[PDB]
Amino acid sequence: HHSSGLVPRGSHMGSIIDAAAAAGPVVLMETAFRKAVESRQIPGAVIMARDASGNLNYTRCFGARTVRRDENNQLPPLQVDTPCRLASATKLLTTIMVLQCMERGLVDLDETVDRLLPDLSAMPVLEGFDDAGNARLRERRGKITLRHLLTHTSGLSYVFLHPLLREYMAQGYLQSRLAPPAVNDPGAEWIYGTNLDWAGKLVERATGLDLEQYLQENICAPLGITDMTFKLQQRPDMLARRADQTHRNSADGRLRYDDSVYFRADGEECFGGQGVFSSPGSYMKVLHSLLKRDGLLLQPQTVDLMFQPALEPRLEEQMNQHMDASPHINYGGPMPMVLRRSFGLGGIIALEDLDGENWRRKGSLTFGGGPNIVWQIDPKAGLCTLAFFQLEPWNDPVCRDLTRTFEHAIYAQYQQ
């Protein structure tokens, strides 16, 4: 029956099991994350989801911020306030900074870059190599605009992603992030490149501030953020709490400490393409503000611009062909390998629902950062999410599958 003065509860095995409701999608998903840490498949992860109303405010942290044991022989935890390497997840931040410049009348999105970036405008385009093996450089056809930089349609490419630039370096021409030539004319094709390093310079020259100061005054201060910087070396408090980078060795699949240059040398320039260190918590504050249309970073109408397909049909088609054919690069992370996409300002836009009413909707904006960081904002679902790992290389199957599982679970329980 029931014990006097005691709350009625399960008193035998059948009634105890039934008194506990079965595990929903989110609980099962958290178990998968815990098992991945337990079995040493990942170092750790922070996953976060918010809606606009405040009824969804979900943050879970799993595992360690490193594989190196600390002074007490332990593996310290990855936390919501742990300083993490954002790498290309910096690009959303720089895009916002550019758009603020536009809002304040310092720049027009369709103005040529020649005025503020004459060093960019003077750069030639690498057409190829002659029979001898000499670089064939020529003058650009048309002008690069600010909007070309923001949409990666300027003709600029990262060296390692283009065969012309790889051979350009192989023949000793590059002996600098800004040095290599363009590989096409502006408007010709979508090409992932150093566009936000250039856009960052444009912000510095338009405002007379370095990007760090601009960042602090215009993104961090308005959101109460104190864990986001280009200058990690000058923040000893952040430096001591920071994540180490981990690398998965392609042979045995084991996790190893990754001793790479971005943690010892700040470098003197602020690079708008990859330079920011931020906690997951602070990055979510940016995403959430954009979701809320709260005017703290940008006017609602300007945020709406970021989610509009920027590409005319020819470029949309070319980008989708390139992305569908490039799952080895996989810009979209957990998104389906084949999907109709466009590019907005700040990321890739889904032009169709990912899985009907079960997952991200048409109009959602997304991108990633190198060490398996994935962010997305989905105005129709009323959700934004991030999955922060500190594990290289990009597109790690375990991280991608865990990230999918996370998003699926959150959408299944909390999408509205």
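Residue numbers here begin at 1 and follow the sequence given.
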Residue 175-residue 176 interval: deposited residues absent from the model: 4 to 9
Tell me which stretch has the larger mean Cα B-factor in this entry, 139 to 147 or 251 to 259. 251 to 259
Where do the C-alpha atoms have the higher mean temperature factor in this entry, in 191 to 199 or in 122 to 130? 122 to 130
Please work out which residue in 154, 234, 279, 330 has the highest C-alpha B-factor recorded for this crystal structure. 234
Compare the CA B factors listed in the entry for 324, 167, 71, 316 and report the winner. 167
Tell me, lowest, middle or highest third: where does the Cα B factor of residue 15 rank within its chain? highest
Classify residue 360 as lowest, middle or highest third according to the C-alpha B-factor given in the PDB entry, relative to its own chain. lowest
Among modelled residues of the same chain, the CA temperature factor third for residue 63: lowest
What third of the chain, by the recorded C-alpha B-factor, contains residue 299? highest
Test of reading the entry: by CA B factor among the chain's modelled residues, which third contains residue 283? lowest
